Amino acid sequence: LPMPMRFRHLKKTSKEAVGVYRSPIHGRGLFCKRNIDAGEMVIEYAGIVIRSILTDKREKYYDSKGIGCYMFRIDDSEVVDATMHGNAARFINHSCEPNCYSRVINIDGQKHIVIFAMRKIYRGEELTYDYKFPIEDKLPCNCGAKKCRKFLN
Amino acid sequence: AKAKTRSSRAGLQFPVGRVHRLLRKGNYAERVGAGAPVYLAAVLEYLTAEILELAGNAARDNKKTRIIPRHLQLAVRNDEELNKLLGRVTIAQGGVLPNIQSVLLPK
Amino acid sequence: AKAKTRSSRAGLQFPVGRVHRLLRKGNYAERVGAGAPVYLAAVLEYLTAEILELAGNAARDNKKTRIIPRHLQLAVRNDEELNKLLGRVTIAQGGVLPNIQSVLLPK
Amino acid sequence: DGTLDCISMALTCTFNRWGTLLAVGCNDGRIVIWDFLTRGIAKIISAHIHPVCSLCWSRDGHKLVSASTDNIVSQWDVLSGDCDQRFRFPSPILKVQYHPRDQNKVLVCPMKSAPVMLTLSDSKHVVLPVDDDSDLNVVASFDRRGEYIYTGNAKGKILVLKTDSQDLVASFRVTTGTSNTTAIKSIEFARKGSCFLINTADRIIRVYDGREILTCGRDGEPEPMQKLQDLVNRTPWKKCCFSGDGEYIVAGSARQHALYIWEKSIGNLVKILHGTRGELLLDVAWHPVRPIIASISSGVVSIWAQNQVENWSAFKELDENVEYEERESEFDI
Amino acid sequence: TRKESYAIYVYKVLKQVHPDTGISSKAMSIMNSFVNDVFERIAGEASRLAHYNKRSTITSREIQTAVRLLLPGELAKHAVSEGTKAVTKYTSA
Amino acid sequence: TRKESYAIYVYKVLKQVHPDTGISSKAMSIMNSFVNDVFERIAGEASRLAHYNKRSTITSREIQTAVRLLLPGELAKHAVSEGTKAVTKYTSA
Amino acid sequence: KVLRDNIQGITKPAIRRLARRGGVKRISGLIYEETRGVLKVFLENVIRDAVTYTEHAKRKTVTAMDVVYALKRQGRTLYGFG
Amino acid sequence: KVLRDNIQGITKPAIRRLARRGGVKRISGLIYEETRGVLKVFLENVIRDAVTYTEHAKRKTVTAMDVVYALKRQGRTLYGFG
Amino acid sequence: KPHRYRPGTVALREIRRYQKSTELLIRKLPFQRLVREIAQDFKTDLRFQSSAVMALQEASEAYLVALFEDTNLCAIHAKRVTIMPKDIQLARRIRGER
Amino acid sequence: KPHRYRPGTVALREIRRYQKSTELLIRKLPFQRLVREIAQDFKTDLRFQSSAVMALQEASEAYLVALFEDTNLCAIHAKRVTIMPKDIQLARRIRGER
Amino acid sequence: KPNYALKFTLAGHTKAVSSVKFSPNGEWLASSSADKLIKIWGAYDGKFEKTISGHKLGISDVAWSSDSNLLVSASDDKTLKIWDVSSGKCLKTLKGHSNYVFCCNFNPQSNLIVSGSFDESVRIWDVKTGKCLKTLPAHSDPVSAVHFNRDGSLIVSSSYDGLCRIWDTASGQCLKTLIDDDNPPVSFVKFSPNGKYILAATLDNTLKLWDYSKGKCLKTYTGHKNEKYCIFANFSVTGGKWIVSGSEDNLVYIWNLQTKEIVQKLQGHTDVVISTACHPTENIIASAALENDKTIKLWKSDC
DNA sequence: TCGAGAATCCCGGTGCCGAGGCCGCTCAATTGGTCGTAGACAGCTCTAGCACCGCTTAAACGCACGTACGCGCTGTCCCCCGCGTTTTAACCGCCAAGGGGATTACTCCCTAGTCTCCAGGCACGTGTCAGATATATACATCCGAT
DNA sequence: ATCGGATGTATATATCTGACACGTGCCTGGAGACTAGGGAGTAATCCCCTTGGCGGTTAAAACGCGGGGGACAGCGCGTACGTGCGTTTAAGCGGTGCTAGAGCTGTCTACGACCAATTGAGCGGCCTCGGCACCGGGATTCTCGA
Ligand SMILES: Nc1ncnc2c1ncn2[C@@H]1O[C@H](CSCC[C@H](N)C(=O)O)[C@@H](O)[C@H]1O
Ligand SMILES: [Zn+2]
């Protein structure tokens, strides 16, 4: 399956593959509404693709509104920012033992941040991936798994 | 001057006069040779002889006097050279000679 | 008594008189319609132009001024209608157009 | 997608003039008016002792004509629940239908006899004419405005009569693919315009325009506005209907207990809603003002909604990664 | 319409080879059409041969060569022998 | 011994289509043989058809029917259009 | 009287009967329609040429002789019809 | 001067070259002689008819035109030789 | 207790009796309607001799029998008893019908 | 260290250049001697035009290429890349050459 | 500029008044308080009709059925109760809300009941069976105001989290979320008489009239005092088109509808005017104040 | 693995229409002249084919060897065969209206055939450049260690 | 999944040439003009085959329904075959030489063409009856659980 074709099939079936419910981890969480096998696309982190140089000025700007900073680093140049305009992938919870993993795949010359399945996910499971956040000096992780880093950082 | 048919002097049953007429009207040559219709009529008679012989053989083997197209089909597919002559020829009401592949047999 | 050939009177290249004489000496029918050689030569001219167009196209595609038989073979094989017309026809120095099945290419 | 357990022995269903109540025939011979918003029964009327096989709503939504299996046809008010009138005729009735613009007139398709238009004010009955007088099985229905009556026989004939005069204003014989004749299973109409549909015994549905039918007039050659069928499974349609708007056509597969929804403009299948294989699909209806579908099977009512992206979706929501057009004064002060 | 066929001659050669056997008019017409087909074959190939030799008189030699072209092996051999014998008989008188 | 051919006409139509493109002698012979073959095909078809109609005259209609029998689709379409144009120009002489 | 989609008139039992005659034991379903297609394909040629002959015959009906000539031109001649 | 067994003159590299031209990657050995056979089979027909034409031509040498006519009669005509 | 033959056995006997029998295996009227539907595509209002359409139908049937035969043989070469549409496509490809 | 290509790769390039090239692939004199040996079987002392035998050889080569092509395709249908003589026999059987 | 003068002062609720609602026939007024009781009063003369008791905690909101015969009371006991006004008997008891129900309202057909609670959930209930028909986590704060639209097809909802959320009813969709570019706690909200508009009372001394057909605020009403309590507002269409609202400065403000200018100031209350009810047919305003007043007052204008 | 059961083969018997035998009714085969001509044959060239022989060398045969596809086997799945029941429309037999198919009878416009003339085509010389050939070169791609 | 090296392949160039485009004189097929006849075109008539419809029957098709049977997947292994590298062989060029037989021209004569006169072999048409198609029933033999 071509990467653009699989991305299109994700965009078509993600809505019927992901849900948003009450999260035992943190607030509102993404849940697996139907068995998600490994390798299959779970959900794209949709949002405004800005440049990383635009993050800070936007970040400070978002500090003026106090809205949740929904930013994921595309690469060393761009960042998907979904604070005001994004998708349900904002509400995916960080997980130290993630059944999902983040990638940035190219589609016809545009990089989309897609969370794929690290393992076979099953119906009812809260869809969660690893934010890949560096070590800070500490956001506690409520994944409930076994190898929790005791924090998001 | 009594008129005997040319087939009589040729000792054949197929009408050599009709043969030569069909030749002259078929636009195959400016003029047809004298012995050419006799020759081709003899060839045709021999072919018919072989074919109907095999046909009657098959019919008697099937306990039948009347020859139906099935007998002709079976006779054609039963002889090699006849088949090769008529492989590109479909036959009406002929069906297929009974033939079953090896692997199809049970065990 | 003005001289003007039927090919000119049709504004075509193929000799209407030559093909008419050939049909006369070909023994296909007692008489021939006068416009039939014209029509036939026109069809031949059209199809010849059709084939040689693709021929010269492949030739200049190989930077070739004079067309080679390989070019004609490639031309007739690429065209669907032409190939269907000449599927049961082989060509001297024709070769075969490039054709590789899927699984032959390694992975 | 929703179901109704509070209803037992459900056989037939029909929306009111607005899509607010559902009249259900109970096999014991009762009428259950189930209400939508309260999600409960609005009324219960033990009409007769024989099952109810046909129902229809009044324009104001207050009169309900019902046909029972015992040749009985009776009218009941939605408030009083009393027998407004009760009649009996030979050749048990197959269908009753209020005149959509006159709640006095009512068409009646019986089993063997020709359909008859009655009135609930006076006990009269005008029998509709039939082409061959030997079909013995003819469906008939008023148009959307009760202006005409379409009659389909068992031999693929179609007679469009003037409901008041019962006289031929249009006619044509329908084929059965090759050239054959077929039993006209049903003549259905839409709540909008003249776009109606014909279900025949050939498992094929033909959408037509009644305006064009009148255009061809007597013995025309009209082609169907649309052609629908189970081209993959070759399934006969126990029932079919339009949508509330008329751009969607639902067909109930009792052969496999599914619901195939096509379009009208193009005719392509919108989708398919699959019910359980064990249940025998009986009746189908569309919510005239909602993309919801009610189904009746083995005495059970099932709901089939068509919901939107909402109920949580409304920050702002987008679908794909939006490349922000960096303004020329982005980094500027 | 006097339509010409070979049915009587087919019956004749039948009695010559199989005296106590019947036939079907359907199979009869089949044999007739076969006769016509092989006949037009031989005719076409003989004519084309003479054309290649630029001849205009289809004679016995052309017939024999055409049979050699069309029939495989011993079929053609026996056919050629029969044709030569019939030609010899006809020319003997 | 003068050997007739069509090479001059092939060269002519080639120049009429591709004035710059050349042609090989062997390729020219291939083209000539091809024309001979297709012409023989259509001639035999026309003759057989006229025989099926018992008409001893081969006219344009026979040619049209033959080429429609022989060429696949748009080939035959363009062919019959060109032939009709040519025969009309010939009649208007 | 306009005819349509009678290709489905070719019943699956008929196709499997033809296969049995051809000596086939087990068959997949996906064959049938393909068969139909191929059948049509075959038809799509001969019948056309048929009317073509009929066309040149200036006649309105098709003659058995015409389809015999068609199959002859298609190298699949048949016997028993003149 | 009597000739014999020159069918082995068809070298295995030649057979595999023909196969490569036909688009074949891997081949078994048992093909080669079979190939030869088939080749001969093909030959066994055409060449014979060839001399047959030459026979009717009352000539001693074989003409390219003759084999063209043979392939024509065998439905495998060839272009480029008259 | 009810009895059921092992698979194919009934089909094998069917093959035997069909190779034995010689009648047609396709219902006449549907085939004729198909022929008329195909004919109206090239020209409408074209009549047919009964013998003509019968010959059409039988020639097509025999052609299909030959196709079934060589496709089944090819499937044998494919080491399978169940034919697959790719096998028929391959056979047509070999027959020069593609 | 000496290098050796993986199997078939060289053969694949051979296929490419051969489909590209157009000359003959059989040595002339052996083929001509074979033709003479076959001819002497039907009649001795039969001469041949050089162009005649050349046309023989090239037509036979092209026929063999077609046979190789459809046999290879049949072998693909047999799920193998290596041709087997049964495949060639099957192909000939389909071509009506048996 | 109306001239609403005080005709009758209605008192007797021994605790903090929370809601007064004129009966749809204008014959009765249902004064609710934190005393677990409702008081039915003569809406034309301040005649104390009766007291309906039975609740367990303070009744935060009360609402009439669309036929003046029934009354839904949402009490701090986390329960609702539907009482027949003509008899006082508790015809229905609605249990299931896990927290303080702050708002209750009927649909235009009186067949549905919408209830927003402290549990941040809006629940739709039957009236003939009283069963909870639907439930939604509507907001992130206690829902204090819920109201059907002009026909019952849509429900506007208000909570302390500043969201003005309009929901679909036939399927429960959060259709719109009106925000005024800030987060001021919107204590009360209601549709317009024509249903095209929506009045939202925010806890910053502001009444925002949005065009619901457009989804943007059209009119602003400021100058009153509403910062903590869920002050109820009224439209005046029977007489002069006014916007009436209680206030936390013992005053009942009355602005003009179009010009949004203060056209009258009904003083006379001594405490925060907790609730206001407009007569459905007459020019009678029932203004009720909180515990330091515990009085309702009828005001009648002549313009 | 010996019976039960089921599909089949054959035998007698029934009634039928196509096969066949026979009948008037030709036109197409036969007979006989007569004539123009196809080719059969004689007899000449010359050339293309046949074979010789030498020299060069790409090309063929065989080796060793790695290796990977063919094959053989396994377990799974599904799926098509078999059979029973339910449906239907093909078929069959009949009737009927007509529209084309076939036919004959006229009528003539076109083609074959003849003769005249010349002009396009064709064998035949002749420069001449398209590409065939060869070399050095830069680019593309497999293959293996990492 | 990558880079380096080897090798194989597309490129530019030089020049050589030999097919190839071009031009000629001379021939003959093609055009032009004219005449005959009669194949083709048209018309009016009959038929009859077809196309269409109708009612009853059931054999046939559709649908469904287990379920054992094979498609197919993967996996071990090993034989058979690609391949690079050896070797040695006839393939190819070419050039010579001889002539046998194609291939040519000129007879001259037998040989169908053709037409005319004659008529019974053959063909549409009419009885007619006997192998044959069908039936039903009883014995025969395959096949699936022991
Ligand atoms: N694994 C985790 N455990 C606890 N909090 C988390 C978490 N992953 C993300 N979060 C918090 O959730 C926010 C990301 S949105 C992640 C979904 C979250 N349940 C929600 O309703 O918003 C971040 O601000 C972070 O503080
Ligand atoms: Zn974790």
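Residues numbered from 1 in each chain as written, not as in the entry; some residues may be left out. Chains lettered and ligands numbered in written order. Heavy atoms only, no water. Residues with missing side-chain atoms left out of burial classes, pairs and counts.

- In its metadata, the entry names cryo-EM as the structure determination method and reports 4.4 Å as the resolution.

Thoughts on the overall build of chain E
- Secondary structure summary: chain E contains four helices and two strands in total.
- Starting at the N terminus and walking to the C terminus, you meet the elements of chain E as α-β-α-β-α-α.
- For chain E, the C-alpha radius of gyration of 16 Å lies well beyond 12 Å, the compact-globule estimate for 93 residues.
- Summarising its shape, the C-alpha atoms of chain E cover approximately 45 × 30 × 30 Å along the three principal directions.
- For chain E, with 93 residues in total, the buried portion stands at 48%.
- For chain E, the accessible area works out to roughly 4700 Å², and carbon and sulfur atoms hold 55% of it.
- Measuring between centres, the 14 positive side-chain charges of chain E sit 4 Å from its 8 negative side-chain charges. (Helix = DSSP H or I, 4+ residues; strand = E, 2+ residues; numbered from the N terminus. Rg over C-alpha atoms; globule rule 2.2 N^0.38 Å. Buried < 20%, exposed > 50% of the residue type's maximum accessible area, 1.4 Å probe, protein only. Areas by Shrake-Rupley, 256 points an atom, 1.4 Å probe, with all protein chains shown as cover. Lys, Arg positive; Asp, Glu negative; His and termini not counted. Charge placed at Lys NZ, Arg CZ, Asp CG, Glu CD.)

Brief notes about the interface of chain B and chain I
- Taken together, the contact between chain B and chain I spans 15 residues of the former and 13 residues of the latter.
- Both sides together, the interface formed by chain B and chain I hides about 1200 Å², and carbon and sulfur atoms give 63% of it.
- There are three residue pairs in polar contact connecting chain B and chain I.
- Residue composition of the side of chain B that touches chain I, by class: eight nonpolar, six polar and one charged. (Contact = heavy atoms within 4.5 Å. Buried area = accessible area lost by both parts, 1.4 Å probe. Polar contact = N/O pair within 3.5 Å; in protein donor to acceptor, adjacent residues only side chain to side chain. Nonpolar A, V, L, I, M, F, W, Y, C, P; charged D, E, K, R; others polar.)

Quick word on the pairing of strand β6 (residues 59-64) of chain K
All names here are of chain K.
- Within β6, six of the six residues are buried, which leaves the element mostly enclosed by the surrounding structure.
- Inspection of the sheet shows β6 paired to strand β7 (residues 70-75) by five bridges, in the antiparallel sense. From the neighbouring strand, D61 faces β7, where its bridge partner is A74.
- Joining the antiparallel neighbours β6 and β7 is a turn of five residues, in which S68 adopts a positive phi near 65 degrees. (Pairing = 2+ DSSP bridges.)

Thoughts on the protein's contact with DNA strand M
- Around DNA strand M there are 88 residues in total, and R9 of chain C, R255 of chain D, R17 of chain G, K60 of chain H together with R33 of chain J lie nearest to it.
- Of what DNA strand M places within 4 Å of the protein, 96% of the atoms are sugar or phosphate.
- One nitrogen or oxygen atom from the main chain of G17 of chain C is found 3.3 Å from a phosphate oxygen belonging to DNA strand M.
- At five residues, helix α1 (residues 9-20) of chain J tops the list of elements feeding residues into the surface near DNA strand M. (Near = heavy atom within 4 Å.)

Focus on the sheet that holds strand β21 (residues 216-222) of chain K
All names here are of chain K.
- The strand order across the open sheet built from four strands is β18-β19-β20-β21, with neighbouring strands paired in antiparallel fashion. Strands at the two margins of the open sheet, each flanked by one partner only, are β18 (186-191) and β21. Taking the axes of each pair of neighbouring strands and ignoring which way they run, one obtains an average angle of 20 degrees across the sheet.
- The sheet contact formed by strand β20 (residues 206-211) and β21 spans six bridges and is antiparallel. Its bridge partner being in β21, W210 is matched across the sheet by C217. (Axes fitted to C-alpha atoms, helices over the stretch in contact; angles between N-to-C directions.)

A few points about the nonpolar core
- Formed by 164 residues in total, the largest nonpolar core has its most connected members in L72 of chain B, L40 and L44 of chain C, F34 and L71 of chain E together with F34 and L71 of chain F.
- Counting residues per element, this core draws most heavily on helix α3 (residues 35-61) of chain B, at 14 residues.
- The residues contacting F34 of chain F, other than those within four sequence positions of it, are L47, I51 and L86 of chain C together with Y79 of chain H.
- Counting residues in hydrophobic clusters, the runner-up holds 52 residues, among them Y32, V62 and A70 of chain H together with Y63 of chain J. (Core = buried A, V, L, I, M, F, W, Y, C linked by side-chain atoms within 4.5 Å.)

Some thoughts on the interface of chain C and chain F
- Listed as interface residues are 50 residues of chain C and, on the opposing side, 52 residues of chain F.
- Both sides of the chain C and chain F interface together cover about 4700 Å² of buried area, and 76% of this is carbon and sulfur.
- At the boundary of chain C and chain F, one finds one salt bridge.
- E4 of chain F is the salt-bridge partner of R18 of chain C, the closest N and O atoms lying 2.7 Å from each other.
- Across the contact surface, chain C and chain F share 16 residue pairs in polar contact.
- For the side of chain C that touches chain F, the secondary structure elements donating two or more residues are α1 (6-9), α2 (16-24), β1 (31-32), α3 (35-61), β2 (66-67), α4 (69-78) and α5 (80-85) of chain C.
- The leading source of residues in the side of chain C that touches chain F is α3 of chain C, at 18 residues. (Salt bridge = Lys/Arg side-chain N within 4 Å of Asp/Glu carboxyl O.)

A closer look at the sheet that holds strand β19 (residues 195-200) of chain D
Residue and element names in this part refer to chain D.
- As summarised here, the arrangement of the four strands in space is β18-β19-β20-β21, forming an open sheet in which the pairing is antiparallel. Only two strands of the sheet have a single neighbouring strand rather than two, namely β18 (184-188) and β21 (226-229). Between one strand axis and the next, the sheet turns by 20 degrees as a mean value, whatever way the strands run.
- Sheet topology places β18 next to β19; four bridges connect them, and they run antiparallel.

Here we look at the domain arrangement of chain A
All names here are of chain A.
- You can read the domains of chain A as domain 1 (1-43 + 87-105 + 114-153) and domain 2 (47-84).
- Here the C-alpha centroids of domain 1 and domain 2 sit 20 Å apart.
- The partner domain 2 presents six residues to the six residues of domain 1 that form the contact.
- Summed over both partners, the interface of domain 1 with domain 2 comes to about 590 Å²; 60% of that surface belongs to carbon and sulfur atoms.
- Counting the contacts that link domain 1 with domain 2 gives zero salt bridges. (Domains from an automatic or database assignment.)

Thoughts on the packing of aromatic side chains
Residues and elements named next belong to chain D.
- Overall, the coordinates contain 39 aromatic pairs over all chains when judged by the stated rule.
- Ring centres of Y260 and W262 lie 5.8 Å apart, and the angle between their planes is 65 degrees; on these two criteria the pair is classed as edge-to-face. Summarising the burial analysis for this pair, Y260 and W262 share the class buried.
- Here a set of aromatic residues connected by ring pairs shows up, and it is made of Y150, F172, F189, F196 and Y208. (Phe/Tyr/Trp six-rings, centres within 6.5 Å; stacked < 30°, edge-to-face > 60°.)

Looking at the protein's contact with DNA strand L
- The full set close to DNA strand L counts 83 residues, and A34 of chain C, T1 and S25 of chain E, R17 of chain H together with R6 of chain J are the nearest of them.
- Take the atoms of DNA strand L that sit within 4 Å of the protein: sugar and phosphate atoms are 98% of them.
- At 2.2 Å, a side-chain N or O of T1 of chain E approaches a phosphate oxygen of DNA strand L.
- At five residues, helix α1 (residues 9-20) of chain I tops the list of elements feeding residues into the surface near DNA strand L.

Overview of helix α2 (residues 25-52) of chain E
- The end-to-end C-alpha distance of α2 of chain E, which contains 28 residues, comes to 40 Å, matching closely the 40 Å that a straight helix rising 1.5 Å per residue would cover.
- In the stretch just after α2 of chain E, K54 of chain E is the one whose phi turns positive, near 55 degrees. (Expected span 1.5 Å × (residues − 1).)

What about the pairing of β18 of chain K?
- With six of six residues buried, β18 of chain K lies mostly within the body of the structure.
- Turn length for the β18 of chain K-strand β19 (residues 197-202) of chain K hairpin, with the two strands adjacent in sequence and antiparallel, is five residues, and the turn residue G195 of chain K shows positive phi of about 75 degrees.

As for the site of ligand 1
Residue and element names in this part refer to chain A.
- Taken together, the neighbourhood of ligand 1 is formed by 17 residues, with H26, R28, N93, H94 and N142 sitting nearest.
- Taking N93, its side chain carries an N or O atom lying 2.9 Å from a nitrogen atom of ligand 1.
- Contact distances for ligand 1 include 3.0 Å between a nitrogen atom and a backbone N or O atom of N142.
- Contact with the protein chains hides 83% of the accessible area of ligand 1, taken as 540 Å² for the molecule alone.
- Taken together, the residues of the shell around ligand 1 sort by class into nine nonpolar, six polar and two charged.

Things to note about the arrangement of the chains
- Separating chain A from chain E is a minimum C-alpha gap of 57 Å, and the two share no contact.
- With no contact formed, the shortest span from any C-alpha in chain E to any C-alpha in chain K equals 76 Å.

Notes on the pattern of salt bridges
- Summed over all chains, the structure comprises 54 salt bridges over all chains.
- One network of salt bridges, with partners in common, ties together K57 of chain A together with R327 and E330 of chain D.

A short note on a negative patch on the surface
All names here are of chain K.
- On the surface, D180, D181, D182 and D204 cluster together into a patch of negative charge.
- Mapped onto the elements, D180 comes out in the loop between β17 (174-178) and β18.
- On the basis of relative accessible area, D180 is assigned to the partly exposed category, the value being 31%. (Patch = residues over 30% accessible without salt bridge, like charges linked within 9 Å, V, L, I, M, F, W, Y side chains within 5 Å.)

Here we look at unusual backbone geometry
- Of note, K132 of chain A is a non-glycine position whose phi angle comes to about 55 degrees, a positive value.
- Tracing the backbone shows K132 of chain A in the segment after β10 (128-129).
- Phi is positive for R39 of chain D, close to 55 degrees, though the residue is something other than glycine.
- By the secondary structure assignment, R39 of chain D is in the loop between β4 (30-35) and β5 (40-45).

A word on the packing of helix α3 (residues 60-70) of chain F against helix α4 (residues 74-91) of chain F
Residue and element names in this part refer to chain F.
- Between α3 and α4, the shortest axis-to-axis distance is 8 Å and the interhelical angle comes to 160 degrees. Judged by the angle between their axes, α3 and α4 are roughly antiparallel. Of the two elements, α3 crosses α4, and the hand of that crossing is right-handed. Contacts between α3 and α4 pair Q64, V67 and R68 from the former with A76, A79 and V80 from the latter.
- Residues of the contact of α3 with α4, tallied by class, amount to four nonpolar, one polar and one charged. (Parallel < 35°, antiparallel > 145°, perpendicular 65-115°, else oblique. Left-handed = near helix turned anticlockwise from the far one by under 90°.)

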